[PDB]
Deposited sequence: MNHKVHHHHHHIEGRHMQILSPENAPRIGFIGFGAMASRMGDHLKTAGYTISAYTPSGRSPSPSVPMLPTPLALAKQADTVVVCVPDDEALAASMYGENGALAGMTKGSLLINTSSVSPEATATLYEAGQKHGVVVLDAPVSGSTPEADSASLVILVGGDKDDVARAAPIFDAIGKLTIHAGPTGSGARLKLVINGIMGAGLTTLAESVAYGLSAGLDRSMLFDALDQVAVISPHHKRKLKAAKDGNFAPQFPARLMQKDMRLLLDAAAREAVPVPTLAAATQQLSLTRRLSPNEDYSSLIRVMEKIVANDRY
């Protein structure tokens, strides 16, 4: 009962933005028929219910808990439109609480919900280099493998339901605080009189910055903050992680500070790349 294009050709999306649309292109190449629902308007369906009624597998890619609940539940929601025995793959970055609510609601419809957020942004989605972080029973993960293989380079089975959502929060913290650390360290360097191009070029050559953050640093050198992961979404992910860390009573001061810097970043420019904090701190130092 693998979800190959032979057994399950129709994949309906709930949400179809920068990430899901690039996933869909890869699933199309792999031989699936793609449909999609978005509250605004590949064939578009009018409701989540209608989307689910004409799909074999539903993939969800929505911004937050509120959007997830608005489209999963109620008589016009996605769950009302799928059939016992089918699978719902949620690739959204949402809270552990929302993950548990949807898993339990899926169980009442006979629908297995995999929490399968991804590591990687729009360039990795373009190249199908996403890393899938999936929670669920190993047998249900196996059913979704052709889907995961088409959109990504690696599927990490993180544990039972909820484990993928948690692993995504871990990686989001590392990403977000990695950027705020870099912006702050660059700002000190500029404030202490270091030549800007020297400094940016020097940091490209050290081993203590990630490949992801080195790519952001190079873009920031030219002032390029075209959105790959917009500040509004990075800051939301930081909010979710801090809430989850507080619920577990784990003290995370570096992540907490980073979140506040990303709040400023979102306020000043919600739609540019989250790396624009580098420019924000540069402007603080120049004034």
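- Mapping the modelled residues onto the deposited sequence reveals missing stretches at 1-17, 59-64, 311-313.
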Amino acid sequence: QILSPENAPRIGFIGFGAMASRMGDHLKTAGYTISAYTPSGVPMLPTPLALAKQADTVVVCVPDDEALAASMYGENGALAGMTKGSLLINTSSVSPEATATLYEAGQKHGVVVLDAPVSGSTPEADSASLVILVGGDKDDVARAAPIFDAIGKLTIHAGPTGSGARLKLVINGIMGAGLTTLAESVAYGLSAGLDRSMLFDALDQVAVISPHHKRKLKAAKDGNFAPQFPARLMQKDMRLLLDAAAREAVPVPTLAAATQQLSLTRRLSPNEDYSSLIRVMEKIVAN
From here on, numbers count along this sequence of modelled residues.
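- Stretches 81-89 and 148-156 differ in mean CA B factor, with 81-89 having the higher one.
- Remark: stretch with higher mean C-alpha B factor among 259-267 and 11-19 is 11-19.
- Within the group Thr254, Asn224, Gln235, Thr29, the record's highest C-alpha temperature factor is found at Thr29.
- Which of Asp204, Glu184, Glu97, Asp139 has the largest Cα B-factor in the deposited entry comes down to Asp139.
- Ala36: CA B factor lies in the highest third for its chain, per the PDB record.
- Sorting the modelled residues of the chain by their CA temperature factor places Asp64 in the middle third.
- Placement of the Cα temperature factor of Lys218 within the chain: middle third of the modelled residues, per the deposited record.
- Compared with the other modelled residues of the chain, the Cα B-factor recorded for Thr161 ranks in the middle third.
- In the deposited entry, the Cα temperature factor of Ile2 places it in the highest third of its chain's modelled residues.
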